[PDB]
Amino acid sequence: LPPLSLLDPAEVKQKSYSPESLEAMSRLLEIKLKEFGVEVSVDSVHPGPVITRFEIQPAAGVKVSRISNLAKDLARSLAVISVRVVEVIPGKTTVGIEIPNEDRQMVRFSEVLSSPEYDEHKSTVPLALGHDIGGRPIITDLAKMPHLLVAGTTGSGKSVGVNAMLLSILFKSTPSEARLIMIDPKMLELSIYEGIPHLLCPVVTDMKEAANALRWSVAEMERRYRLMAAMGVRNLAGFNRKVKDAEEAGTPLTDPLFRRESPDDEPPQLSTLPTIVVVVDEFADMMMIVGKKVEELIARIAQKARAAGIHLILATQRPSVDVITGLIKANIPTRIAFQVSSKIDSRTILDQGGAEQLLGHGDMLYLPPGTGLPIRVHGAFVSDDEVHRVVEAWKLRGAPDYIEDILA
């Protein structure tokens, strides 16, 4: 219900990337790559808001992996700050060489959310990530992911990305449509959402309580499954349809699971269930303080919480095999990698290299479900101050409704 006008306006886009300099760079590219062990010719150029992609056609034989490993050296020989090598460009035989624009224009949240893709999204938990390399809005749906793993080192834009996702939901769903459980071992990053009506419990700081929060989630998931079974529905959307039709028909449904034990008892009237999202700002700590029990709970939620409408968003600044385990990854195919420190760290999160070539400040590689190759997305910027406003707007529309059993 809170107005999008609470956000900061989109900034001017004084672009101008004269075809002049673009031909020269194309020219330099071929020259510089040649000095290395690779023959190449520029096929086309695509200027964007943050980067410019120069599609190139390698000579037969040359291993594209060879170009990828030359990224550092090529950027140097070109005197540019960074270079991202795109090994394969969907639908083409060309290789991508992406180069940062001198004056990159920031991508504002208000800009992404003002897109029809978002304004008309039906999901209860859409996530407006940002703009793609051509500047087109990239709006996703957490419900279809159906879980998300997020990594990136300091200054990469992980926390801003996490806030953009929380605000995507807060701008489209009311507390009866979506509820959240936030886990933030340190105080900082997520402490500000404290109090909004969407919260199921206060921001979790204690790791043991974090563990309980996941157990509660599992319990609620199985509880929703018994409900859906008793109702003859396959998922949350179906459940909510049934309950909604019965009401509109002047015949509200009664909890088919309620067992009367006292003459006094009356079956409670069913109501639509909210989509639940569990967001962990940093779960490397959980995986360290608690351990195996945490993996177990995560792995269980990931495997079957989708139908129950319970979704996980796990973010980590420490992308190690100890934190992002194969057990965690096996049931969470959707990945988002902001800038990471090494190719090794890139593979742990994406099972692929490349996130080490990102710029930082929101720059990311998004790996949607049933996709082998990630698409580059320029994370939308949302300031802690904008977060504070929306949060205040929500604390005015409803008081906190914590359930002191979740952390118990």
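Sequential numbering from 1, following the sequence displayed.
Query raised in the report: For the C-alpha atoms alone, is the average B factor greater in 53-61 or in 335-343, going by the entry?
Result: Averaging CA B-factors over each stretch, the winner is 53-61.
Query raised in the report: Which of the two stretches, 164-172 or 114-122, shows the higher mean Cα temperature factor in the record?
Result: So the stretch with the higher mean C-alpha B-factor is 114-122.
Report task. Name the residue from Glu87, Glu282, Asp265, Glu194 with the greatest C-alpha temperature factor listed in the entry. Result -> Highest C-alpha B-factor among the listed residues goes to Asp265.
Query raised in the report: So among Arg226, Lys292, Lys144, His311, who wins on Cα B-factor in the entry?
Result: Top of the list by C-alpha B-factor: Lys292.
Query raised in the report: If you rank the chain by CA B-factor, which third does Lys92 end up in: lowest, middle or highest?
Result: Lowest third of the chain for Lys92's C-alpha B-factor.
Query raised in the report: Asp73's Cα B-factor: lowest, middle or highest third of the chain?
Result: For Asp73, whose C-alpha B-factor we compare with every modelled residue in the chain, the answer is the middle third.
Requested in this report: Going by the recorded CA B-factors, say which third of the chain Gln352 sits in, lowest, middle or highest.
Outcome: Middle third.
Query - Entry-reported Cα temperature factor of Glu39, expressed as the chain third it lands in - result: Highest third - that is where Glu39 ends up once the chain's C-alpha B-factors are sorted.
Requested in this report: Going by the recorded CA B-factors, say which third of the chain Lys32 sits in, lowest, middle or highest.
Outcome: Middle third.
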